[PDB]
Amino acid sequence: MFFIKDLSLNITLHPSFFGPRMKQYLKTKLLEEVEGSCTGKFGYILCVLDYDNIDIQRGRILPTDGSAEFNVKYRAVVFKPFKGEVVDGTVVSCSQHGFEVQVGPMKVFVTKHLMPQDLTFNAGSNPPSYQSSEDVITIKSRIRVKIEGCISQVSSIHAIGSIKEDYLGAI
Amino acid sequence: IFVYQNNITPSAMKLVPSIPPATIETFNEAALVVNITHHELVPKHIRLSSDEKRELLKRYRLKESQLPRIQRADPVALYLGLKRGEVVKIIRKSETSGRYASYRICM
Amino acid sequence: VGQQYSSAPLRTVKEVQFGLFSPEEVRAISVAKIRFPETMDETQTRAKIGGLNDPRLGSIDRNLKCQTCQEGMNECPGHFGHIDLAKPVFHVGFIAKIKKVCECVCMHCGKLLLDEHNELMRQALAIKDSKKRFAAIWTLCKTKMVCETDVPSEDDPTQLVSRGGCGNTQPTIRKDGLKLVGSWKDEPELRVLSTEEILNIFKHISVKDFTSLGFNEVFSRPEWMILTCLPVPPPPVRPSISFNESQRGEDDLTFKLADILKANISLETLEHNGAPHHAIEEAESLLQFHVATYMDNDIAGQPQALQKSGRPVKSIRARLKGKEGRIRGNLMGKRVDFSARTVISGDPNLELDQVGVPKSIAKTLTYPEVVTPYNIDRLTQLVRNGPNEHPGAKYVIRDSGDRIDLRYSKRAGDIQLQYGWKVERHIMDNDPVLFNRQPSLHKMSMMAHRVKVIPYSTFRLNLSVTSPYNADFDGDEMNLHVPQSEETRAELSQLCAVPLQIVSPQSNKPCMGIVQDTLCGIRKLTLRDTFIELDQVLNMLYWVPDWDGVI
Amino acid sequence: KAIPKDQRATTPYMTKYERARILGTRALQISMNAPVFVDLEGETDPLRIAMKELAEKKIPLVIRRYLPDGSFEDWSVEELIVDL
Amino acid sequence: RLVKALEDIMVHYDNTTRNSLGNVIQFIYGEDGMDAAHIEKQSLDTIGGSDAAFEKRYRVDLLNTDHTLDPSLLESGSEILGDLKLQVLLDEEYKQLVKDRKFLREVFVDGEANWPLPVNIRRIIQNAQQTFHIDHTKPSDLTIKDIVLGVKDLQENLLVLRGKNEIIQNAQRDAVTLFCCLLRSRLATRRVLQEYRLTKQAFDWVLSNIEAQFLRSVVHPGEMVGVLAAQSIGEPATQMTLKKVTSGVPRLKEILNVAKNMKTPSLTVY
Amino acid sequence: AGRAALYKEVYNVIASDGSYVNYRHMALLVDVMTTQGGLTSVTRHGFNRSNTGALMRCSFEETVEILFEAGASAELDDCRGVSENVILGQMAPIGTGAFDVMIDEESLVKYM
Amino acid sequence: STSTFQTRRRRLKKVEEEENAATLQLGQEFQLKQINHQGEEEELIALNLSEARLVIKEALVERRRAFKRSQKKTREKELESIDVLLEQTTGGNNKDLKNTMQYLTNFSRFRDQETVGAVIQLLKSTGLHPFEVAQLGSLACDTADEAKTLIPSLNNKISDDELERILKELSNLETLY
Amino acid sequence: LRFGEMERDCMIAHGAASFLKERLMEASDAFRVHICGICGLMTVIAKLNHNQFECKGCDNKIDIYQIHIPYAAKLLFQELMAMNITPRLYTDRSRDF
DNA sequence: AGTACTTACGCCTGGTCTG
DNA sequence: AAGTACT
RNA sequence: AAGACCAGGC
Ligand SMILES: Nc1nc2c(ncn2[C@@H]2O[C@H](COP(=O)(O)CP(=O)(O)OP(=O)(O)O)[C@@H](O)[C@H]2O)c(=O)[nH]1
Ligand SMILES: [Mg+2]
Ligand SMILES: [Zn+2]
Ligand SMILES: [Zn+2]
Ligand SMILES: [Zn+2]
């Protein structure tokens, strides 16, 4: 599920930094406008690998100002969930309408009615929870969810998942 | 090569392109009385081997279409009998540099 | 340009894909229903009705709103609108083809009229050139007026092979006004080809048929030469003109649309009301008309669609037609800033490559210098000096993209400069500039000179650099343009400077010489007869500035 | 497509258009507070510093020479001879 | 029109003249690759002059008391007279200046000898002259090899096109040909020693200059020659302010229009 | 041979006025007017029909008429033409722009 | 944006964008046949947790190093040991990475680049597709059902018995705590 | 003042690339528009603030460019579109050559 | 053989009338 | 007005 | 402010 996709980016550098250690600045700016970014087509850019052998190539100088433009070809560890993916995480928030599990950098939410039946929701609990014949789900409890649908948004990705199938529930 | 006098019958001419590979050409007497290639102006041309050609392109990194062309009916083109695709090398004199090499593909 | 920053990457246009608009896209793209023909006055109340211009298109009244797109007037380009027609219309300029296409394919089953089967056709299908296939094809089947069903294959003319069916005779066609007519042949049968029909026959034409004919499955299908949904250029294409308030000022365009709209509704309200069958096709011509004139007005079918007062009407086409218009008079050539013009006069005391710029102008024209440790000082001085003394400046601009107008601003004499800031300053002695004299027909009709600020009011150029510009001082005027980028100048001084133009390639020989006085005089001074005595010889020596001081 | 530093075929010399543009381009940068790779003998006019960087052939730029078919050849201000 | 018709045309890096498509128009700008700017009217001495004079000027025979270089010119003069291995270089040189002749007389039938060409050799020497205060009295110090074997090595470095193959390195010899004739013409043994008493110094200099002064006259891949050419014509077509035939502006109009019905059709038959 | 004539004739139109023009120019022109195939006229009926992208032929005598039939047969424009770029506000591939310029970071080190 | 190794020649009509599901149909950007920078082809890159934990660690570390080559001129124990590696070589505003390291390091199933090595040397004999050869590595599984159900893309590509031996050897190698 | 055809034709002659662009843009028109990397039009609804970008129809939000072009040109295009003709602006060459 | 079709230097400064 | 090209 | 003419300058 987590991936290592081969990407590339374009950074426009002002002449100012056309210093001796330019390579250094580039890389650094690569990492500012990448690590922690989010797209629906790539998912979560979490970490740039092989910091060293980052290919810079020759950048060309634009043509009105001196800013130069290099196509930084790198490689990193991405992660973008899918509909029908099975992943388990740590619960965080839990309300009348359901609880939200946190799978990695993302947050998957489970609808009360997307859970089973015999499981009710106890509001008068502290911390808040969901009770069952034998199961007890609350804050720190670990669950295993099945992602039913995804929704991209700004700089993140949420999604709804169910625990109404088999081999699904707490662990 | 066939040589007609005053002319041929339009019923006849439409029988040349009916037996390929073999090729035929038609020339009127009056146009062969003088060799056009001997004229002060018309410089000498030369046919290029399908080898010599595939080279002319590769050396100038040219596509076939970017090449200067000569008419399939062009007088000299007939004097040598070119075929749509055959290239010719035109070598003439120059007041800027004695000799200038040029090429003409066909269409 | 424009100001405000955008996280949008930025590139250069590399290819230009010419297509035709699919009513479908036209819709998609739009943001304007455009149902009403009126302008504004929501019952006189000022604003705009969700009818024409602004049912969300661009705007006016200096008011952000451009579909929240805010930004306002400058930096909103327009946002196309659409307006569903009542019945398909021709495309004034395409008519020419819409015809030729039909004469190329027959109705009912809509398909070519010559397949691989016919040999003259083969030679016509290898040609790789839209202009050439479609031109050879046409010529080849414009004559055949029968949808063959069966034709004699590559074998015996005895044996007859079968292909597509429906031998429904093909009618020849002629152009009458904005409509297509054809006969069907004892004695003919003349009927009007309804747009609604043509469209169809095209819609059905085959994919490999499109292409076989000069077309393109994705960008331009014939079925599109016929309008069904009309794009509606937003204000900026047809802006207004306000005389403050309670008056008008509408643009010509904003009217033919107003028209087209009227003529569209009147129609419709007929196909849903008392529809006297063929008393409608009298108002469907009107639309076909307007939706045609809107784009073109100089047709052979006379009627100029003269607008009240007999003023012609500016058809879109007309705005682009050669000279004085867009393409040729707006894009290929423009009015420009940082430019001056006055009268020229000789001045035998300037180096060849100089040019006398009158102080008046040197103080008007400006150059954007960027504050740098190398200059800071000099620059702050110019800034301190102000925009009235000469060696000075008249505008400081900081990173925050804000203009400090040196002539006002309570901080005039204050200001501390900042590396990075720019300082529009006055043109100064030795700023390279492009000088020129129209008509321009030489590399040399435009050369770069060294600026030499001088009094009085006339560009003072050296004599010898006269013949290149081809100018006299009998009251001739010249133009001066001032560079702007540190690299821009570079191009002038390194390739346009006069000293470089001395030997003209247009005739592999020098192109500037010595004339009048200098010439005439240079001869006299030469003669064996001519002798000069000490007292003078000495001064003369002094004049040649590079004299080695060796009498 | 690119082309090996060998098999190179262009003109060993700098074209006026090139040099013209290099100096400009270089000025522009220098004028923008880019670093200057030569000792300023006291100069203070960018295009003049640029003229200097260009004579001690200390300009870090590369002139990519596109050919009619798209391929290019890359030369450095270093290499390129400057007659003019 | 002229302008709109040639905008797109310029000299491309390969030294070809193409437009916006890629269509070659000239395979070498101006059939020679020289920037018009660096060119002057020179004279191809080799052409004009009786077959007689030619010999007395360019002919050298080391095997003859009256057709050899009088040792008053060449340092190693007396020790040359007779040498047979030299007479071959010397004879090659002549059977060439000879070929040059016919060649030229096959191109410029008129007999006209003054033509525009790069590198002004006349002057390049003139300087060499007073730059080394060459005295017309004492003798030179050039081996006959020194000469004939450097003139050759010169032509070798007069590169216009640089290709690494045959088809190209062949157009080369071509675009130069006309020049060299002039070249071999002015740097002929006899001449080099009897007319302009060059020393080895002078010579080796005259040579350096020519090569570089030539490599300068080449054309810069960048020039927007199309526009240029246009203007160069239309321009003087404005200064036209006006034995009985259509002539001038109305004519030029005719021509460009490729008009079929010209007012004057004439035709000269010899 | 024709070229040789076209030129010869044109040359005579400039010499009859006692003015001199260096071959190359009338040569080039004569050539442009002849490569293609036969005699292509310097007019709206000729060189303005060639395979040159639209936008370029746009700027001459048929403008709209030419543009129309461009979206019709979905032409594609290279933007290699002088005019093209001028219309876009881009630096055209002409002299100063017959190439690109780059910062070789490597050589940007031995320089200090 | 951040471009992605292949220029999918978009001809105006962008419409077909399939469904994302455990039918192994992943966005165009994740077919199994993608392109490497060198210009070669290369199988997709499927990281199962605790393998990712190692790869992220690996670089974050070799980063700290080359981040000083230029300055001259047990469960809970790893929570601290990493937060540091970050507050050193991270954006410090990469709250995502922080949260990815916790998760990645809490739910992980292997500590030895040697143990994880076998995990790989094992499953990579299946011919199975990378997304499976990942869900398998980071998901507990006792029966072929708990498996072939939480990874439907398997259903017919492998007998229950085999997929069960592999599961046996998983919990065997499953490093302790 | 005027910098028309003829005066251009000279700058092209001179081979003064940049200066030409400068007269033509930075000293006259110059304008910053947005495009769709899909359908090469000005459609795009740029809210330069909340960065929102969209372009419903070709429907985007991701693939979007910014280009600088002579306003007159923008207008050339808009006018063309209004005549139902499409001028596509693409930032990458796919046709090669 | 008749008819139609697109064109026509470059720039610049005045004053005048009207739907 | 002419010249060319197309019908 | 836009658009038609007329006079005129080189
Ligand atoms: N673009 C234009 N250039 C012109 C015009 N009149 C003159 N010139 C240029 O100025 C030029 C020279 O000759 P003139 O016509 O000025 C006549 P004049 O007798 O005054 O010449 P001079 O004997 O040089 O005084 C003329 O050749 C054109 O090159 C004109 O109306 N338009
Ligand atoms: Mg005058
Ligand atoms: Zn808006
Ligand atoms: Zn039919
Ligand atoms: Zn779009």
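Along the chain as shown, the residues are counted starting at 1.
Cβ atoms are placed via backbone N, Cα and C, with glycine included.
Pulled from Swiss-Prot, these are the features on record:
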type	residues	note
BINDING	H:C36, H:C39, H:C55, H:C58	Zn(2+) binding site
ZN_FING	H:36-58	zinc finger
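The Cβ of H:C39 (Zn(2+) binding site) lies under 8 Å from the Cβ of H:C55, H:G57, H:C58, H:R88, each of these being in the same chain and 6 or more residues away along the sequence. Each of the binding-site residues H:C36, H:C55, H:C58 was checked for a CB under 8 angstroms from a CB of chain G; the ones meeting this are H:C58. According to DSSP, H:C39 (Zn(2+) binding site) sits in a coil region rather than a helix or strand. Spatially close to H:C36 (Zn(2+) binding site) yet at least six residues away along the chain are H:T43, H:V44, H:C55, H:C58, H:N60, H:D63, H:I64, judged by Cβ distances under 8 angstroms.
Listed binding-site residues: H:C36, H:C39, H:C55, H:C58. Those with a CB atom under 6 Å from ligand 3: none.
Put plainly, the binding-site residues H:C55, H:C58 were compared by Cβ crowding within 10 Å, and the winner is H:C55. Summary of the Zn(2+) site environment: with the site residues H:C36, H:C39, H:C55, H:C58 set aside, the chain residues having Cβ atoms within 8 Å of the Cβ mean position are H:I35, H:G37, H:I38, H:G40, H:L41, H:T43, H:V44, H:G57, H:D59, H:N60. H:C55 (Zn(2+) binding site) carries neither a helix nor a strand DSSP state and counts as coil.
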